[PDB]
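Novice: Got a sequence here, can you build the structure:
(one chain, ligands or ions: 8)
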Amino acid sequence: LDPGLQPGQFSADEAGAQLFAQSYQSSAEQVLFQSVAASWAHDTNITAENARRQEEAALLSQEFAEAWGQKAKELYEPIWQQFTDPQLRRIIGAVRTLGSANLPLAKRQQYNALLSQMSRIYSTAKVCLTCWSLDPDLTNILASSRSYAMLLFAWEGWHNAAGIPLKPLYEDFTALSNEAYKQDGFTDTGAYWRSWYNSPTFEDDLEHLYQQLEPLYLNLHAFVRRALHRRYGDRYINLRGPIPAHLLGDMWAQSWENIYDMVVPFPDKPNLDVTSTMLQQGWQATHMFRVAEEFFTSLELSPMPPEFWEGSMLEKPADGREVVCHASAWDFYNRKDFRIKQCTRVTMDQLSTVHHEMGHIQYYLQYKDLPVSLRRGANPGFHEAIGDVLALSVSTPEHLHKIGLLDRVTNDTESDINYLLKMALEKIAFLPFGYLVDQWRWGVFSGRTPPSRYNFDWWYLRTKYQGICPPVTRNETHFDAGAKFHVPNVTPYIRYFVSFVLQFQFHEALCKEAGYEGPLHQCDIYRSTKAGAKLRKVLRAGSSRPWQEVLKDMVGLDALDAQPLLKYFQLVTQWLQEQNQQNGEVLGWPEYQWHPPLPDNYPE
Ligand SMILES: *[C@@H]1O[C@H](CO[C@@H]2O[C@@H](C)[C@@H](O)[C@@H](O)[C@@H]2O)[C@@H](O[C@@H]2O[C@H](CO)[C@@H](O[C@@H]3O[C@H](CO)[C@@H](O)[C@H](O)[C@@H]3O)[C@H](O)[C@H]2NC(C)=O)[C@H](O)[C@H]1NC(C)=O
Ligand SMILES: *[C@@H]1O[C@H](CO)[C@@H](O[C@@H]2O[C@H](CO)[C@@H](O)[C@H](O)[C@H]2NC(C)=O)[C@H](O)[C@H]1NC(C)=O
Ligand SMILES: C[C@H](N[C@@H](CCc1ccccc1)C(=O)O)C(=O)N1[C@H](C(=O)O)C[C@@H]2CCC[C@@H]21
Ligand SMILES: *[C@@H]1O[C@H](CO[C@@H]2O[C@@H](C)[C@@H](O)[C@@H](O)[C@@H]2O)[C@@H](O)[C@H](O)[C@H]1NC(C)=O
Ligand SMILES: [Ca+2]
Ligand SMILES: [Cl-]
Ligand SMILES: [Mg+2]
Ligand SMILES: [Zn+2]
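Specialist: Numbering: from 1, shown residues only. Ligands and ions are numbered 1, 2, ... in the order given. Take a look:
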């Protein structure tokens, strides 16, 4: 470690810990920046050499974390929990968690190489027939094609290409990750991830939330299944079975927005998928980012700074060079550089993703002046919710009208059902997926799911919660969890489940602050400077305060609550139930064993 980066001496008292935390702050922004910068150089340009460099930067990060970590223990281990300064307690608490810096050097290098190799496999995997990439090629197929065989070829090709080679590395990664966090006091890595919510009843509270939401999902599923049956017929859709996992618009069946045209209740009303209009009007990536920004400035939140526009990667590079397309928002920890990296496509769902990513940036802009240890969401779910809350307003027919994307205006029960149905495809359909992913990963980290059951347990959960089935036979050579970005990239998932509930709590509160008095699902907070001030208070808090209290100050309650989401969707929840009953649907999938046949001429 460079001499300037090494910790000095501090008295072993709270006065010393404050000086310690200040000295750490100085050196940590330098260390984080080199690490983030090397990650950027790799992710926007995947080469052997960029991986080498990133690995070197990560090693320097661990060295730093180890030295400042061990000094924090040496001086403050028996006393930091009794410090008067709550923010100081949180800073020291972070610094003394070593994670992968607990590993000896050889295992640190193994760990860093595993992350790099798993990232590369995911972001460079192709399906060959001339080879299709995930983004845009396979994404477009899953979203747009209605050919059973084509969908299958993309689904199977991607799962095989990405999943199969990851499996040996994932096993090695799990074991090392566990070894690292065990020396911080956690039974397994999952326990450390869950600790961020600082709630002893976290798993039970999530389970209770899901119990309230499940009927909504069952009704949506049944209704969509029926529409798929009308299209694909009895051979490929079982009206009492799970839906084939490739037919729902998305590689992971996680959001069903893309099959809206097949399920829309009242096709005579305004077309709520404005993708056609965006293309017709010639929208590109930077228009999408600028329109998102202006929503934020309408609230008197910050614009994107010059460094964002100069640094960001907003389209897939046309020089064909390899990049991580999966959209992400970057804090370089120097209070100046902030960037999005997205292979943006001109679609309505991408417009929402742009808002999602810009929500991350806006958090980073608002808390940049906190101590480095506190530059995070009040919990991870908060960071995930910010952009989605604004996108709830943007998606409204009224708002789309204001920005030139929906010329016809209507306010009637049919138009409302269409809107709420479309939103259900994006929000309700995701809930079981958002919930299951980390149930899977928590079982893997705990050892309940050994390598010998990775795919068996994955599909158990996928069927259990989403009521989908794989459209070709799978076995334990397959590693279908690995074909989802967050697994090889070691990004936790439960945050997205929390976010999908929390965003409706946020929406409700911001709408009330805006002075809006209509139905929750027609609220648009655009240009509410009062809504803006209430959201800014959250963003400025970082992780300086318990999330329960930040939530209470914002929405008036100190807990996750499904009631705002239920209220938002209530009209369509009622309508879907009525439709399914009148069609005599079976809710659920009692033929749990059923899988579709292969197409006759597949794949030739
Ligand atoms: C779309 O239309 C709905 C429904 O409008 C209501 O019923 C229709 C059939 C018509 O007869 C309308 O005249 C009637 O308002 C609109 O929702 C309604 O909006 C108003 C707010 O502008 C609500 O009234 C307010 O209620 C609060 C109490 O909560 C009072 O403090 C206010 O004094 C005020 O009267 C009304 O409750 C609300 N009701 C429904 C049916 O949910 C909606 O605003 C409109 N949307 C758009 C985008 O134009
Ligand atoms: C992608 O990363 C590679 C490193 O793997 C970059 O290669 C360097 O490129 C500059 C300019 O072409 C040369 O002067 C260096 O000698 C290269 N290094 C090596 C080791 O080959 C490459 O430039 C990057 N591409 C982009 C557009 O950023
Ligand atoms: C597109 C988005 N990408 C992520 C990347 C997170 C990340 C974290 C660390 C390193 C690299 C990436 C995010 O911005 O949270 C994402 O994966 N998801 C999720 C997903 O697509 O699975 C669902 C969430 C709502 C809309 C977009 C969100
Ligand atoms: C796992 O599956 C591998 C390949 O897929 C198989 O081939 C297709 C045509 C179907 O038969 C499908 O049901 C199969 O999964 C096999 O190569 C492999 O040997 C299978 N078994 C093991 C132990 O890996
Ligand atoms: Ca779409
Ligand atoms: Cl999380
Ligand atoms: Mg989509
Ligand atoms: Zn996010």
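
Novice: Find the nearest non-adjacent residue to whichever residue of the chain sits closest to ligand 7, please.
Specialist: Distances between the chain and ligand 7 by C-beta to the ion are smallest at residue 349, namely 3.8 Å. All C-beta spots, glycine's among them, are computed from the backbone N, C-alpha and C. Nearest non-adjacent residue to residue 349, counting by C-beta to C-beta, 6 or more residues apart in numbering: residue 257, 5.3 Å away.

Novice: you'd agree the one you found is up against residue 423?
Specialist: No - using C-beta atoms under 8 Å, residue 257 makes no contact with residue 423, being 9.0 Å away.

Novice: In terms of neighbours, single out the busier of those two.
Specialist: residue 257 (22 against 19; other C-beta atoms under 10 Å).

Novice: Now do the same contact list for that one.
Specialist: Residues near residue 257 by C-beta atoms under 8 Å, 6 or more residues apart in numbering: 249-250, 273, 348-349, 422, 425-426.

Novice: if you set the cut-off to 6 Å instead, what comes out?
Specialist: 349, 425-426 (C-beta atoms under 6 Å, 6 or more residues apart in numbering).

Novice: how about it, phi and psi?
Specialist: Dihedral pair for residue 257: phi -50, psi -40, per degrees, to the nearest 10.

Novice: Kindly report the same for the one 3 residues further on.
Specialist: Here is the backbone geometry of residue 260 (degrees, to the nearest 10): phi -50, psi -40.

Novice: residue contacts, it?
Specialist: 273, 422, 425.

Novice: ok, the last one touching residue 258?
Specialist: It refers to residue 425. No - the criterion here is C-beta atoms under 6 Å, and residue 425 misses it with residue 258 at 8.3 Å.

Novice: Only the buried residues of the helix or strand where residue 17 lies, if you could.
Specialist: Take DSSP states H and E as the rule and residue 17 turns out to sit in helix 14-43. Buried positions in helix 14-43, judged by neighbour count with 16 or more other C-beta atoms under 10 Å: 14, 17-18, 20-21, 24, 27-43.

Novice: Leaving out the residues flanking it, which one is nearest to the most centrally placed residue in the chain?
Specialist: Residue closest to the mean C-alpha point of the chain, counted by C-alpha atoms, centre = their mean, is residue 496 at 5.2 Å. In space, and not counting its chain neighbours, residue 496 is closest to residue 434: 4.5 Å by C-beta to C-beta, 6+ apart.

Novice: Now that neighbour: which helix or strand?
Specialist: Secondary structure (DSSP H and E) places residue 434 in helix 430-446.

Novice: May I see the buried residues of that helix?
Specialist: In helix 430-446, counting by 16+ other C-beta under 10 Å, buried: 430-445.

Novice: With stretch 99-118 instead?
Specialist: 99-103, 108-109, 111-118.

Novice: Greatest separation within these: which pair is it?
Specialist: Spatial extent of the buried residues of stretch 99-118 (C-beta to C-beta) is set by the pair 102 and 117 at 21.3 Å.

Novice: so is the closest residue to residue 259 other than its chain neighbours in a helix, a strand, or just coil?
Specialist: Leaving aside its chain neighbours, residue 259 sits nearest to residue 249 (4.4 Å; criterion: C-beta to C-beta, 6+ apart). Three-state assignment for residue 249 (DSSP: H, G, I helix; E, B strand; the rest coil): coil.
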